[PDB]
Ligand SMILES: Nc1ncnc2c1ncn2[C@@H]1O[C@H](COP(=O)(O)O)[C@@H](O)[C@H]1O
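One chain follows as structure tokens, the form deposited without the named molecule.
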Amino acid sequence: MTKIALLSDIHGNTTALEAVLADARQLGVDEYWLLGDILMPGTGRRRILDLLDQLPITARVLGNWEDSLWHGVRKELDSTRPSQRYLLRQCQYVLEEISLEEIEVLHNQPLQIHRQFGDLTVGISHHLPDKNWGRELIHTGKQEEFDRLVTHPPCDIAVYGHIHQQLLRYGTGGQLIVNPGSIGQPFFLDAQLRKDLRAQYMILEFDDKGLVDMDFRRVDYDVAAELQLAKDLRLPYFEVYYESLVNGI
């Protein structure tokens, strides 16, 4: 048996990431797949990169926030738009601890990977195979779009992140489509589910006979500590980060 932890949409959430990695370590996880959206708009910088450096990371794909960071530091974002100015402040925040050379490394990642596990082809991407941004694959996404994860090129199991929701569904051909959700910014549209903003990730176990387990986990972390950390660090847009971690909007 190989036990793989899927890690997605960390978003600089230091305390939530530490808690998930402790959980994963306890469970005897063998390897880690990284689905992107690593840094921003959360607290962690050097800390996130160092935590990940310690891991047996055997697959990594490019998230749209890594592009954003890259464009942000190169001064390639539109200063007219408020949403972009918000991004600029996050990029500048990140730059205080992270070198341009490291941002180059984060940016130089494939959109899509494929691994073989015995009989099974596994596709891996942040969002779509050739597009790491957008809303094609939200919870009500068109089947045409989901099938893009599992055909041309084909796989039997696609894993993706980006939407910040846990998922197990199917391509038209019965190919598995899974999403670990988000470590740092779990997204809920149901108000009761939204009261529980513990971190999200998932574990895949492959054995001699195929896929033996798909475990969608929630991990408790200390929100107060993460928020205090944000205050101490002078994280930009504290009020937004507070809403996301406390209220989930």
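The numbering used is simple: start at 1 and walk along the sequence shown.
Q: Would 39-47 or 66-74 have the larger average of its C-alpha temperature factors, as given in the entry?
A: According to the entry, 66-74 carries the higher average C-alpha B-factor.
Q: Should the higher mean CA B-factor in the entry be assigned to 174-182 or to 140-148?
A: Taking the mean B-factor of the alpha carbons in each, 140-148 is higher.
Q: Going by the entry, which of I98, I163, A158, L168 has the most elevated CA B factor?
A: In the PDB entry, the greatest C-alpha B-factor among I98, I163, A158, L168 is found at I98.
Q: Pull the Cα B-factor of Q112 out of the PDB entry and bin it into the chain's lowest, middle or highest third.
A: Middle third of the chain for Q112's C-alpha B-factor.
Q: Please say which third, lowest, middle or highest, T58 falls into when its CA temperature factor is compared across its chain.
A: Ranked within chain, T58 CA B lands in the middle tercile.
Q: Should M1 be placed in the lowest, middle or highest third of its chain by the C-alpha B factor in the entry?
A: It falls in the top third of the chain.
Q: What third of its chain's C-alpha B-factors does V212 belong to: lowest, middle or highest?
A: For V212, the deposited C-alpha B-factor lands in the lowest third.
Q: When the modelled residues of the chain are sorted by Cα temperature factor, does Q200 land in the lowest, middle or highest third?
A: For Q200, whose C-alpha B-factor we compare with every modelled residue in the chain, the answer is the lowest third.
There is another form of this protein, the form solved in complex with the named molecule, and it is not shown here; the text below is about that form.
Q: Exactly one stretch in 138-146, 99-107, 76-84, 112-120 has heavy atoms within 4.5 Å of the named molecule in the deposited complex; which is it?
A: Selected stretch: 138-146.
Q: Does at least one non-hydrogen atom of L189 fall within 4.5 angstroms of the named molecule in the deposited complex?
A: Because a heavy atom of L189 falls inside 4.5 Å of the named molecule in the deposited complex, the answer is yes.
Q: Is there a non-hydrogen atom of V150 within 4.5 angstroms of a non-hydrogen atom of the named molecule in the deposited complex?
A: Looking in the deposited complex, residue contacts with the named molecule do not include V150, since no heavy atom lies within 4.5 Å.
Q: Is there a heavy atom of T58 no more than 4.5 Å from a heavy atom of the named molecule in the deposited complex?
A: Looking in the deposited complex, residue contacts with the named molecule do not include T58, since no heavy atom lies within 4.5 Å.
Q: I'd like to check something about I163: if you look in the deposited complex, is any of its heavy atoms closer than or equal to 4.5 Å to a heavy atom of the named molecule?
A: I163: contacts the named molecule in the deposited complex.
Q: Could you list which residues of 47-66 come within 4.5 Å of the named molecule in the deposited complex, counting heavy atoms only?
A: Read in sequence order, the residues that approach the named molecule (within 4.5 Å, in the deposited complex) are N64, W65.
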